[PDB]
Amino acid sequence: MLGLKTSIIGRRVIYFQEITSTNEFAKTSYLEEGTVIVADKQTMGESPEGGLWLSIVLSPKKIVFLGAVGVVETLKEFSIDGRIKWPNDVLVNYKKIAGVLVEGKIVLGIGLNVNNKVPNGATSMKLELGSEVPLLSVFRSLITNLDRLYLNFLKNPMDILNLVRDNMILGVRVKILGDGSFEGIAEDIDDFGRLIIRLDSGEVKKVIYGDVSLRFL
């Protein structure tokens, strides 16, 4: 009855009034590629009612970037200026509005603050527009964008990188936290999606996601 017209993402959609975690359900269950798991709230991500909490089962033959860019495109459709914080968050005026979590079957998880209450420092679509936003409209928009991005990714895996570059926060100082830490200017992402940092000394470091965290100064 939803009438989705996507090719892969959204072929099937499993909705829950509540779930522990959409990513955990997607990882654990036997599901076909393109199936979307969505819940009004997650008890063990709590991801409160009002937000868009979903996970997508993928089996591709840079995935976190698909999610981030999809969210940015949807936000722009609603006239909200979302910018990517490498490599998995989307911020509006430096306040977190969405987060992407990929686990590998590959599960692409996305959490977007829409009408829900949010933690300090974070923001939501409702807070940005000053009014409630139809959650289903955001879902439809995002699924359409993600399906297009994914289908093209299967063809041209490199294309997503330029979309990330055009929508990511760069040219500012950041602190990279891993086993040890360093600071420098986030210059760009390379052909592998690695964050290129120029340290004050001139040294160039390439950051690979996994067990590292980025903080803005």
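Don't overthink the numbering: it's just position in the shown sequence, from 1. Between two forms, the rigid core is defined as the largest C-alpha subset superposing within 1.5 Å.
Core-aligned Cα RMS comparison in 4 other deposited structures of this protein - stretch that moves more, 4-12 or 207-215 = The stretch that sits farther from the shown form in 4 other deposited structures of this protein is 207-215.
request  = Overlaying the structures in 4 other deposited structures of this protein on the rigid core, point out which of 196-204 and 15-23 has the bigger RMS C-alpha shift.
outcome  = Comparing 196-204 with 15-23, the larger C-alpha deviation in 4 other deposited structures of this protein belongs to 196-204.
message = I'd like the number of residues from the deposited sequence that lie between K61 and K62 yet are not in the model, binned as none, 1 to 3, 4 to 9, or 10 or more.
response = Missing in between: 4 to 9 residues.
message = Checking chain continuity here. Are there deposited residues lacking coordinates between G34 and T35, and if so is it 1 to 3, 4 to 9, or 10 or more (or none)?
response = Per the record, no deposited residues are absent between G34 and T35.
request  = Pick between 178-186 and 36-44: the one whose mean CA B-factor in the entry is higher.
outcome  = The entry gives the higher C-alpha B-factor average to 178-186.
message = If you take the mean CA temperature factor per stretch, which one wins between 23-31 and 163-171?
response = Comparing 163-171 with 23-31, the higher mean C-alpha B-factor belongs to 163-171.
query = When you compare the CA B-factors of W53, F192, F65, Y150 as listed in the entry, which one comes out on top?
reply = In this record, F192 carries the highest C-alpha B-factor of the candidates.
key: Options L112, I143, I84, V118 - largest CA temperature factor per the record   = Comparing C-alpha B-factors across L112, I143, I84, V118, the top value belongs to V118.
ask   = By its CA B factor, does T123 count among the lowest, middle or highest third of the modelled residues in the chain?
value = CA B-factor rank for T123: middle third.
ask   = Going by the entry, which third of its chain does the Cα temperature factor of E132 land in?
value = CA B-factor rank for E132: highest third.
message = For the chain shown, is the CA B-factor of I14 in the lowest, middle or highest third of its modelled residues?
response = Tercile = lowest for this residue's CA B-factor.
message = Going by the CA temperature factor in the PDB record, which third of the chain does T74 belong to: lowest, middle or highest?
response = For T74, the deposited C-alpha B-factor lands in the lowest third.
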